[PDB]
Each structure stands twice: as structure tokens, then as C-alpha cells.
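A note on names: the letters A, B, ... follow the listed sequences, proteins ahead of strands, and every chain is numbered from 1. Just the heavy atoms: all of them, side chains too, but no hydrogens, waters or symmetry mates, feed the values below.
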Amino acid sequence: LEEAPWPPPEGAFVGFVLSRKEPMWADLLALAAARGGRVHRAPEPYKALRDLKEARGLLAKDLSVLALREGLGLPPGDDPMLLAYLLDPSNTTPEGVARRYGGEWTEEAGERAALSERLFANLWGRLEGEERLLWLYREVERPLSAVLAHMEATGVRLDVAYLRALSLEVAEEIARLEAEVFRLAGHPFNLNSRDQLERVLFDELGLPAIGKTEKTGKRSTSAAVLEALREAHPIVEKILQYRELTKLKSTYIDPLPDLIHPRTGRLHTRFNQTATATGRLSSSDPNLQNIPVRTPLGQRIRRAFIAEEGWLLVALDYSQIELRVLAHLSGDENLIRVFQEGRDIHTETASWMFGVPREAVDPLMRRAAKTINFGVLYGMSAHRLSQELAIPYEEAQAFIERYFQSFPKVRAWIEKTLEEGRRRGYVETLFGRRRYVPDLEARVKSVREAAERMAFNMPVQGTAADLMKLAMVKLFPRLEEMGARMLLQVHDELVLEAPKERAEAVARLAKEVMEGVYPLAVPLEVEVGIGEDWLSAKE
DNA sequence: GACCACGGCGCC
DNA sequence: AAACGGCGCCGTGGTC
Ligand SMILES: Nc1nc2c(ncn2[C@H]2C[C@H](O)[C@@H](COP(=O)(O)OP(=O)(O)OP(=O)(O)O)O2)c(=O)[nH]1
Ligand SMILES: [Mg+2]
Ligand SMILES: [Mg+2]
């Protein structure tokens, strides 16, 4: 390419190099652009950012986030990664996409700019005539990238001092638990080493090894195994409590306070747009889609996620979302009727499982019921179901027939889904998002059946993900009109921040946008709450 | 210092 | 551990 002076013309493809992967923390090392047979290299990348009206190229969102961090409105536009990811969602990295579609991903801004240009041309070619994938690109993924850029750059407020206080308390309780474990063992050891624990539990003590680990065949020390031995000794009780406390302290309580950004005073995640096989987003650096909620200590941690002074958090979560989607996709009359009647399957299962009326079903019980319902749906064995529910085999198998006969057209949809997958090599969501599942005619049963469960899950989980992404695209402009912010997506949940004076209006509007995103054969319901912290906002 | 595989486990 | 699916990050253990 002809090396031309910097500024590039309108519509040029950008390339850029960051000191590290996180755009909120990265130094912009170099910036370049490519168009019309020329490459333009910026002499000083930060100043040169001002000359661009859009970020167009590989990893466009990342550059847009860094621009927003510097006070520039540089929205992300076309990204070949999103084209590639819609073609095949195993296209998750620029390294791979470049190799597959006509270049090499290097560490030079110029070459990344020229690569973005030629990869876009080629991938655009591949999507000609793929009208449904094009619709997804234009109406969901491309505009979603601009929304995510804003969410990333806004971040969330964290009660840092609260978590530092909590850390000191949790450390003392961990010491109490490990001290008791070491007494029961008769000696000290690394309780964080599952290899060392294995020896203690199954060799030194006499406890039965219930199961084996996948890759290396060691005797497992997982919670599922240890749950079976819960008063086979008092040491197991202590070990499980130790595991909870150490998991929460080392994953959330200690790391999160150190990730507060100096300019914003807030915690910033990355929403990864080409990371999953089903079309869900992911969150990393720090993952904010797996903040604790379930246990009392987990609830304490979640309370650290708070609103700006003068603002409130608004949390919105779709009701029973994949079951509603399944009703639409299968067209099962009975399941459609269940949601037209305003019934709640999770609560129904909880009430059944624990033998209490609906009014007595607590959050813990509801989460247990979710595992049963989705487990059963996505192909859990009778053998495992009988264990989970803690009842006989049959009762368990009868549960599976009671479930599937109640909704006869689900199985037919499953089988239809699998035959399309075997024939075309991929399955698809309602909107034509594809996942290639190659092993559906594998000659090994365990591998074939695993691929089957993957294949029929995706249209359901992926359609739910499509709905949420579309809702995000529609909602974002309405929020900024009202002076509200989108903070987090958690798969079927959104967390917004609103000025106190507008929070109730924001909640009502966001609820209606989410419910009417793309009407189905059943209604979508959204539970919404408002509060000073993330936990209080879902109560 | 980095990288990785693994078991394990937090959330959806 | 188990014929639920989708993720990312922890500490350990091993390597370069
Ligand atoms: N396969 C599988 N999918 C799950 C599981 N937990 C959650 N999901 C998926 C299916 C849910 O519809 C979706 C959103 O999770 P939620 O925790 O919000 O559950 P859901 O929306 O079903 O119920 P809700 O009314 O919000 O309590 O994520 C699980 O254990 N297995
Ligand atoms: Mg939900
Ligand atoms: Mg949810």
C-alpha cells in the first residue's frame, strides 16, 4: 500500500495496538488507517484519535472504549470479527479469523488496518445472500457494539471500604475452619490443594471415593462428592465451609477493590461479543456476570455494588426465559398455555421438591428447582436426577415422562432440530444465528450424545440471547434521552443506573421495551426492582 | 515473569 | 460423579 500522511479520509479502516487487552487500562501504542490503496500511520496515536469519526475495523469496540475513556465520542462501526462470528461462532479471535479469511494478525497498527480492510471485503463477500445473518449484523451485532462500548466505559460503583472490612472478618473465619480441619486430619497440609486433600480424605481417613476426575482420573473432592459424605465425617462439613469462604474471598472480596479505575472511581468490565458458541455475551477482566447472589456471604458481597450518590440501580430480569422461548420454538400448545395462565414452573417444581406450599418457596429453593427443570429439559439422566432429587430411580424416570408428556411437541422439536443439524451441519436460533455442530453423526455414543445436547440447547439459549441483545439496542437510545445509564448485562438481566428523580419512569420504560422486544406466541414477563444496591434492586 | 492444564465453582 | 447447556477465574502443579 501507498504510505500516505495522517489524516485518513472518511470511512477508512482502523488498526491499533494496545499495551494490554483491557481497553480501560491500556496505553494506545500505535494507530493507523487503510483505505483506497493507502495506509496512513498516526505520528502520535492519542492526538490522532480526534481525527476519526468512527472506529471501523478489527476489535472496533475496544478502540471505542479507549476513546470514550479519553472523552471522545468515537462509535464503533463495521468489525470483520462480527461478520466472522455470525458466519461461524467458533470465529472468536482475530488470530484465527485472519488465518481463515485472508491474512495474518500481527502487532503493527498499519498491518492491522490493512488486514481489517481486506478481511472486511472478503467476509462481506461470504455473507452475500445470507440475508438473515445480514439482518443480525445490521440490526443486532453492529449497533450492540456501540452500546457495549458505553457500558464498558461507564463502569459500576463499588463499596471498596466495605469489602476491605469484610476481607478481615472472612480471614478470621477461614483460620477457624482450617484449624479445625487440621485437627481432624491429625496434621496440617495445604487445604487449597485438592491433591493433598484427596490423600487425606480417601487414604489417611477411610472415606469412600464416590467419583473420578475427567482428564486425569483422580478421586474427586468436588462439592457433589463431598455432599454425599456430609456426616460421614465432621471434617467434610468444615471443608465445604472452607471452600465457600476461600472461593468468595479469593475471587471477589480481595481482587475487586484493587480494580477501581483512577479516572472514573469505578469498576470496569469487558463485554465480549464474539466469545460464545450460542450468541451469548461474556464478561471478563473482571467477570461481572458471576458476582455471588446465592449464599448469605454471597449476598453480602453483592451489596458492595451500589448506585452513584443521587442515583438508583434498576435491575430487570426476564421471567423463566428459556422455557418461554421453548414454547415459541416448539409451538407446544400446553406449554404456551402455561405462560398464558401466568404460571411459574420454577416455583411449581420447588413447591413439589421440598413439599411446601408456593408461599414458602425461598430463593435457595427456587435455584434448586431451576437445576431440575433445565437439567431435565437439556437431557439430564434419570440416574443423576434421582440423586439430585434424593428419591428412587423411577419417580426420577417418571418425573422425566410426566415432564415430557405434559409437553409432547418439545420432543418433536428436539428431533427436528437434530435432523436439520445432521443434514446442514449446523443448528440455528429463531433469527438464524448458527452454530455448527459437527459430531452429530459420530460413531461413539457418549460423543454423539454430548453433541446432541449441545445442538438442541443452542437454538433456545441463543434465541434468548438474541432477544436480550435486540432489547439492549432498542433500550439504549431511550435511556440516554432520560439521562439514565446501562451498566451491566447478565444474560437475561440488565442493570441500569438512573437519577433518583427519573428512576421509576426508567424502570417502567425499560420493562416495556424488554417485554415487547419481539413478540412471541407467549408473553415475556420482566421482574423489575429499584435500589441503592444490586441485591436490594432484585428484592 | 509468562504460559498452560486441571479440578473446582461462582453466575446465567 | 452422574447422558443438563453456556461461560471466566481461582489456586495448584508443572513448564519455560
Ligand atoms: N441449561 C441451563 N440453563 C440455565 C441454568 N440456569 C439458568 N439457565 C439459563 C436458562 C434461564 O432461562 C436463563 C436465565 O436464568 P435465570 O436465573 O434468570 O432463570 P429464569 O429466567 O429461568 O428464571 P427467573 O424467572 O428469572 O428466576 O439462563 C441451568 O442450570 N442450566
Ligand atoms: Mg430470568
Ligand atoms: Mg437472570
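In the region residues 425-457 of chain A, proximity to DNA chain C at under 4.0 angstrom, judged on heavy atoms, holds for A:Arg435, A:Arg453, A:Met454, A:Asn457. Taking a 4.0 Å limit (strictly below) on heavy-atom distances, residues 386-408 of chain A reaches DNA chain C at A:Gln387, A:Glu388. For the segment residues 412-421 of chain A, the set of residues with a heavy atom within less than 4.0 Å of an atom of DNA chain C is empty.
A:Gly375 comes within contact range of at least one nucleobase, with a heavy-atom separation under 4.0 Å. Here A:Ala223 lies in heavy-atom contact (under 4.0 Å) with sugar-phosphate atoms only.
Residues forming a side-chain hydrogen bond (donor to acceptor under 3.5 Å, both in side chains) with A:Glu441 (at least two apart in sequence, or on another chain): none. Checked against side-chain hydrogen bond (donor to acceptor under 3.5 Å, both in side chains), A:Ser220 has the following partners two or more places apart in sequence or in another chain: A:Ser222. Under the rule for a ring pair (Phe, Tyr, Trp, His ring centres under 6.0 Å), the partners of A:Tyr436 that lie at least two apart in sequence or sit in another chain are A:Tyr426. With sequence neighbours left out, the ring pair (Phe, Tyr, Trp, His ring centres under 6.0 Å) criterion links A:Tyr518 to A:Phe431. Partners of A:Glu95 according to the side-chain hydrogen bond (donor to acceptor under 3.5 Å, both in side chains) rule, which considers only residues two or more places apart in sequence or in another chain, do not exist here. For A:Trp105, there are no ring pair (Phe, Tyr, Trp, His ring centres under 6.0 Å) partners, not counting sequence neighbours. The ring pair (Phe, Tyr, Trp, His ring centres under 6.0 Å) search around A:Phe374 returns A:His346, not counting sequence neighbours. A:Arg443 pairs by the side-chain hydrogen bond (donor to acceptor under 3.5 Å, both in side chains) definition with nothing, not counting sequence neighbours.
Here CG of A:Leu133 is found 6.0 Å from CG of A:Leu86. Values are rounded to the nearest 0.5 Å.
The side chain of A:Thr213 contributes no N or O atom lying less than 4.0 Å from OP1 or OP2 of B:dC6. Between A:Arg243 and B:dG8 there is no side-chain polar atom (N or O) within less than 4.0 angstrom of OP1 or OP2.
The residues A:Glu348 and A:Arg343 are annotated as salt-bridged, a charged nitrogen and a carboxylate oxygen being separated by less than 4.0 angstrom. A salt bridge is defined here as a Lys NZ or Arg NE, NH1 or NH2 lying under 4.0 Å from an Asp or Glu carboxylate O, and A:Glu515 with A:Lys511 meets this definition. Ion pairing between A:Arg164 and A:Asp258 holds under the 4.0 Å rule for side-chain N and carboxylate O. Using a 4.0 Å cut-off between a side-chain N of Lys or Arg and a carboxylate O of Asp or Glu, A:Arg300 and A:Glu169 do not qualify as a salt bridge. Salt bridge A:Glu152/A:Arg270: absent, no basic N to carboxylate O contact under 4.0 Å.
As a whole-Å value, the separation of A:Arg411 CZ from C:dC4 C1' is 12 Å. Across the protein-nucleic acid pair, A:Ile291 atom CD1 and B:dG10 atom P stand 13 Å apart, rounded to whole Å. Going from atom CZ of A:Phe374 over to atom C1' of C:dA3 covers 19 Å, rounded to whole Å. B:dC11 atom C1' lies 12 Å from atom CD of A:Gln461, rounded to whole Å. The distance from atom CD of A:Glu227 to atom P of C:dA2 is 17 Å, rounded to the nearest whole Å. Distance NZ (A:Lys218) to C1' (B:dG8): 13 Å, rounded to an integer number of Å. Whole-Å rounding puts the A:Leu297 CG to B:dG10 P distance at 11 Å. The separation between A:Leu248 atom CG and B:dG8 atom P is 18 Å, rounded to whole Å.
Residue note: B:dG8 shows a south-type sugar, the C1'-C2'-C3'-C4' torsion being below zero. In terms of the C1'-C2'-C3'-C4' torsion, C:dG5 has a north-puckered sugar. The angle is above zero. Judged by the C1'-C2'-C3'-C4' torsion, the sugar of B:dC9 sits on the south side, since the angle is negative. Judged by the sign of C1'-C2'-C3'-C4', C:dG14 carries a south-puckered sugar.
Taking only side-chain atoms of A:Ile210, from C-beta outward, the nucleotide of C:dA1, C:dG6, B:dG10 with the closest atom is C:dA1. You'll find that the side chain of A:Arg294 is closest to B:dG10, out of B:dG10, B:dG8, C:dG6.
The partner of B:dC6 is C:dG11, judged by Watson-Crick or G-U wobble contacts that both fall below 3.5 Å. Across all strands shown, C:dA3 has no partner, as no Watson-Crick or G-U wobble contact with both distances under 3.5 Å is found.
Among the candidates A:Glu172, A:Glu173, A:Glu180, A:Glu178, the single residue satisfying the salt bridge (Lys or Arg N to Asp or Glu O under 4.0 Å) test with A:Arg176 is A:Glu173.
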Which letters describe nucleotides 7-16 of chain C, given B = protein heavy atom under 4.0 Å from base, S = only from sugar-phosphate, - = neither?
SSSSSSS---
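B:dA5 and C:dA3 have their P atoms separated by 25 Å, with the value rounded to a whole Å. One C1' atom belongs to B:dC4, the other to C:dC4, and the distance between them is 28 Å to the nearest Å.
Shown here is A:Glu527, whose CD atom has no more than 12 heavy atoms of other residues, nucleotides or ligands within 6.0 Å.
Judged by closest nucleotide on DNA chain C, A:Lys212 is the one of A:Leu385 and A:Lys212 placed further toward the 5' end.
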